[PDB]
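Let me begin by presenting the structure, written as structure tokens, before commenting on it.
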Amino acid sequence: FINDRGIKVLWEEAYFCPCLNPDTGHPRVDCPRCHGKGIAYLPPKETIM
Amino acid sequence: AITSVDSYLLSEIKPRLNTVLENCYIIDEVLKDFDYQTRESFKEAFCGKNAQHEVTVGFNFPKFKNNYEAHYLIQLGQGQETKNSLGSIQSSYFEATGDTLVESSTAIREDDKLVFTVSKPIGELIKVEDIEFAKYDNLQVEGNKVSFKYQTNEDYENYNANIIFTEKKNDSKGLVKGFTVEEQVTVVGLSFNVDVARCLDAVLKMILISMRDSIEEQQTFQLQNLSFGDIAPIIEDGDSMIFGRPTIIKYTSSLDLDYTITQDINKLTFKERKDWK
Ligand SMILES: [Zn+2]
């Protein structure tokens, strides 16, 4: 039922990026692994939702 | 004149912000008190000629989306009239004078005078930089030229100077009528990164300190006074919050009009008439 009704999506999993400032606790705005969001993402996974 | 503090601030902040951001050691000095990683990340992202991100400035209520990574929002505030003159006479003039200007110029020889040429008719000369003339020097101003005796000054035949002067509109009499107003403008540095908001605050305070010496707010917009708000989420229900710290800039300035007087009197005349009663 879900495979019939859902649309194909790419799912990628959140984790906090280890670029957070050890004092201020905020992301580095230049971080390449996360583009200023505090959250980095694992490689994408194909799923239907 | 009538004045628009918001448009002044926009016009003044944008070039100054650009010229600081293109100059790495200035930011390195401004941010010396911040955490090392905050400083280096800001300098890497926004600073220097290769900077891939950019800051932006504009008024509130645009119809389009802004650069919420770093944006100075300018926001015209309250004001009130504070001090009035008797008769509302702010000043009087014999010759309608425009804005104050400073221009670079060089001397040239002409007919055994030195002259400086200026782009506009000189309504009043305030200062020729680094020169004080004696009466022997026969200082004269005429049209858009300043003229200066050659005889003793031949060594200066190509001397480079700055002229501080003011335009003239026209040869007319009048009264400058008006009053003083105290007026507020708010500025906030929006960023979705809190450390960027804190750095934009520091940069803005530096810019305003530097601005206090400018001719614009030396002659007008006097007594700059700064107040600072809390850091808070400006918007809270996106995929992320947007933060900012407001600052309020308060200025005292004159609002006035040139009331020209057409009446002129150039001769009294006397007559005696006899009363035979
Ligand atoms: Zn990161």
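The chains in the structure tokens are called A, B, ... from first to last as shown; in each chain the residues are counted from 1, and the ligands are counted from 1 in the order shown.
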Near chain A, meaning an atom within 10 Å, which residues of chain B appear when counting only C-alpha atoms? Write them as a list in words.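 Filtering chain B at 10 Å from chain A with only C-alpha atoms gives residues 35, 36, 37, 38, 39, 40, 41, 42, 43, 44, 45, 46, 52, 53, 69, 192, 193, 194, 195, 196 and 240 of chain B.
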Could you pull the residues within 8 Å of range 6-16 of chain A, counting only C-alpha atoms, minus those fewer than 6 positions along the same chain, as JSON, numbers by chain? {"A": [38, 39, 40, 41, 42, 43, 44, 45, 46, 47, 48, 49]}
Please extract the residues of range 22-90 of chain B with a backbone DSSP assignment of helix (DSSP H, G or I) and present them as a ChimeraX atom specification. /B:24-30,36-46,86-88
Dump N, CA and C atoms for the selected residues as a CSV table (one decimal), in the first residue's frame?
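So the final result, stored in out-v7.csv, reads:
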chain,number,residue,atom,x,y,z
B,24,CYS,N,41.1,43.2,5.1
B,24,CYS,CA,41.1,42.2,6.1
B,24,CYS,C,41.7,42.7,7.4
B,25,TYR,N,42.8,43.4,7.5
B,25,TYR,CA,43.3,43.8,8.8
B,25,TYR,C,42.4,44.7,9.6
B,26,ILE,N,41.5,45.4,8.9
B,26,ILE,CA,40.6,46.2,9.7
B,26,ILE,C,39.6,45.3,10.5
B,27,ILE,N,39.1,44.3,9.8
B,27,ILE,CA,38.2,43.4,10.5
B,27,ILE,C,39.0,42.6,11.6
B,28,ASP,N,40.3,42.3,11.3
B,28,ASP,CA,41.1,41.6,12.3
B,28,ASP,C,41.4,42.5,13.5
B,29,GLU,N,41.3,43.8,13.3
B,29,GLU,CA,41.4,44.7,14.5
B,29,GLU,C,40.1,44.9,15.2
B,30,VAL,N,39.0,45.0,14.5
B,30,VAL,CA,37.7,45.2,15.1
B,30,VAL,C,37.3,44.0,15.9
B,36,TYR,N,38.6,33.3,19.0
B,36,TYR,CA,39.4,33.1,17.9
B,36,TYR,C,38.7,32.4,16.7
B,37,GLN,N,37.9,31.4,17.0
B,37,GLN,CA,37.2,30.7,15.9
B,37,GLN,C,36.1,31.6,15.3
B,38,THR,N,35.3,32.3,16.1
B,38,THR,CA,34.4,33.3,15.6
B,38,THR,C,35.0,34.2,14.7
B,39,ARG,N,36.2,34.8,15.1
B,39,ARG,CA,36.9,35.8,14.3
B,39,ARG,C,37.3,35.2,13.0
B,40,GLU,N,38.0,34.1,13.0
B,40,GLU,CA,38.5,33.5,11.8
B,40,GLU,C,37.4,33.0,10.8
B,41,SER,N,36.3,32.5,11.4
B,41,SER,CA,35.2,32.1,10.5
B,41,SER,C,34.6,33.3,9.8
B,42,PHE,N,34.3,34.4,10.6
B,42,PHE,CA,33.8,35.6,9.9
B,42,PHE,C,34.7,36.1,8.9
B,43,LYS,N,36.0,36.2,9.2
B,43,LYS,CA,37.0,36.7,8.2
B,43,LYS,C,37.1,35.8,7.0
B,44,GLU,N,37.0,34.5,7.2
B,44,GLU,CA,37.0,33.6,6.0
B,44,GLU,C,35.8,33.8,5.2
B,45,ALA,N,34.6,33.9,5.8
B,45,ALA,CA,33.4,33.9,5.0
B,45,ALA,C,33.1,35.2,4.3
B,46,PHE,N,33.1,36.4,5.0
B,46,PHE,CA,32.6,37.6,4.5
B,46,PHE,C,33.7,38.6,4.1
B,86,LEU,N,13.9,82.3,18.5
B,86,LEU,CA,13.0,83.4,18.5
B,86,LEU,C,12.6,83.8,17.1
B,87,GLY,N,11.4,84.0,16.8
B,87,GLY,CA,10.9,84.2,15.4
B,87,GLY,C,11.1,83.1,14.5
B,88,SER,N,11.5,81.9,15.0
B,88,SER,CA,11.9,80.8,14.2
B,88,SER,C,13.1,81.1,13.2
Give the strand (DSSP E) residues of range 15-131 of chain B, as DSSP finds them on the backbone, and put them as an MDAnalysis selection string. chainID B and resid 56:59 71:83 89:93 96:110 113:117 122:128
Distance query residue 223 in chain B at most 12 Å, only C-alpha atoms, self and fewer than 4 positions along chain excluded, as an mmCIF file with N, CA and C atoms, in the first residue's frame:
data_model
loop_
_atom_site.group_PDB
_atom_site.id
_atom_site.type_symbol
_atom_site.label_atom_id
_atom_site.label_comp_id
_atom_site.auth_asym_id
_atom_site.auth_seq_id
_atom_site.Cartn_x
_atom_site.Cartn_y
_atom_site.Cartn_z
ATOM 1 N N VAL B 181 15.038 69.271 15.319
ATOM 2 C CA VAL B 181 14.335 68.024 15.587
ATOM 3 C C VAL B 181 15.329 67.005 16.108
ATOM 4 N N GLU B 182 14.878 66.192 17.054
ATOM 5 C CA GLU B 182 15.604 65.023 17.528
ATOM 6 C C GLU B 182 14.889 63.782 17.015
ATOM 7 N N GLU B 183 15.605 62.938 16.273
ATOM 8 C CA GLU B 183 14.979 61.877 15.496
ATOM 9 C C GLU B 183 15.761 60.578 15.631
ATOM 10 N N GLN B 184 15.038 59.460 15.596
ATOM 11 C CA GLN B 184 15.594 58.128 15.798
ATOM 12 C C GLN B 184 15.498 57.294 14.529
ATOM 13 N N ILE B 209 31.086 54.927 14.857
ATOM 14 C CA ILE B 209 32.148 55.734 15.451
ATOM 15 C C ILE B 209 32.918 56.455 14.357
ATOM 16 N N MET B 211 31.833 57.233 11.487
ATOM 17 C CA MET B 211 30.942 58.204 10.860
ATOM 18 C C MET B 211 30.881 59.514 11.623
ATOM 19 N N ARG B 212 31.100 59.491 12.939
ATOM 20 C CA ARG B 212 30.951 60.734 13.702
ATOM 21 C C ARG B 212 31.835 61.869 13.186
ATOM 22 N N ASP B 213 32.955 61.566 12.542
ATOM 23 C CA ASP B 213 33.851 62.605 12.043
ATOM 24 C C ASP B 213 33.487 63.139 10.661
ATOM 25 N N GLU B 217 27.551 64.713 9.169
ATOM 26 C CA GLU B 217 26.999 64.754 10.512
ATOM 27 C C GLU B 217 27.834 65.604 11.457
ATOM 28 N N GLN B 218 28.831 66.318 10.937
ATOM 29 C CA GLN B 218 29.399 67.449 11.659
ATOM 30 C C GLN B 218 28.573 68.701 11.417
ATOM 31 N N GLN B 219 28.168 68.932 10.169
ATOM 32 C CA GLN B 219 27.383 70.118 9.861
ATOM 33 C C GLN B 219 25.908 69.928 10.201
ATOM 34 N N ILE B 249 19.903 54.666 16.593
ATOM 35 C CA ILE B 249 20.740 55.844 16.395
ATOM 36 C C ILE B 249 19.845 57.069 16.451
ATOM 37 N N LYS B 250 20.144 57.981 17.371
ATOM 38 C CA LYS B 250 19.401 59.218 17.547
ATOM 39 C C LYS B 250 20.251 60.410 17.136
ATOM 40 N N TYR B 251 19.653 61.330 16.383
ATOM 41 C CA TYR B 251 20.339 62.499 15.850
ATOM 42 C C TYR B 251 19.545 63.757 16.150
ATOM 43 N N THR B 252 20.262 64.859 16.358
ATOM 44 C CA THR B 252 19.674 66.188 16.445
ATOM 45 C C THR B 252 20.011 66.937 15.165
ATOM 46 N N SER B 253 19.005 67.541 14.540
ATOM 47 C CA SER B 253 19.198 68.163 13.239
ATOM 48 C C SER B 253 18.188 69.282 13.043
#
